[PDB]
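Enquirer: Output the structure for:
(chains A and B)
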Amino acid sequence: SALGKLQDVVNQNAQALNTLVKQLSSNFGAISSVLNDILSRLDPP
Amino acid sequence: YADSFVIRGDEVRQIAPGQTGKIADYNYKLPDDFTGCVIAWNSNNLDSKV
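Expert: Residues are numbered from 1 along each chain as shown, chains lettered A, B, ... in the order given. I have put the structure below:
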């Protein structure tokens, strides 16, 4: 009143879970990254 | 299966998978994974009359 070995595990896991959510706003080379605007501005083919 | 009909000359480009226009919209629609073949030939002398 040290415990950095316990904080590192929590930090690495939270930081790896934040990247997975941030990867959802990327187009990866499509027009946009949101599955509706791609879908309501083009026809199926 | 063999389907047969008669259209204008410049409407032959709507007989294909994934098109739009008055013919492909509501006269004759081809699915999007078509498998067959499309054949077309001019017939001015048979079908057009003065």
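Enquirer: So the residue of chain B found nearest chain A versus residue B:6, what's the distance?
Expert: For chain B, the residue closest to chain A is residue B:18, as judged by Cβ to the nearest Cβ, at 3.5 Å. Placement of C-beta: from N, CA and C, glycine included. Residue B:18 sits 23 Å away from residue B:6, taking Cβ to Cβ, to the nearest Å as the criterion.
Enquirer: Show me which of the two is the more surrounded one.
Expert: residue B:18 (13 against 7; other Cβ atoms under 10 Å in any protein chain shown).
Enquirer: The more buried one: what's its closest spatial neighbour, skipping adjacent residues?
Expert: residue A:45 (3.5 Å; Cβ to Cβ, 6 or more residues apart in numbering or on different chains).
Enquirer: Would you check that the one you found makes contact with residue B:33?
Expert: No. Residue A:45 lies out of contact with residue B:33 (Cβ atoms under 8 Å); the separation is 10.2 Å.
Enquirer: Kindly point out which residues are neighbours of both of those two.
Expert: Contact criterion Cβ atoms under 8 Å, 6 or more residues apart in numbering or on different chains; residues shared by residue A:45 and residue B:33: residue B:17.
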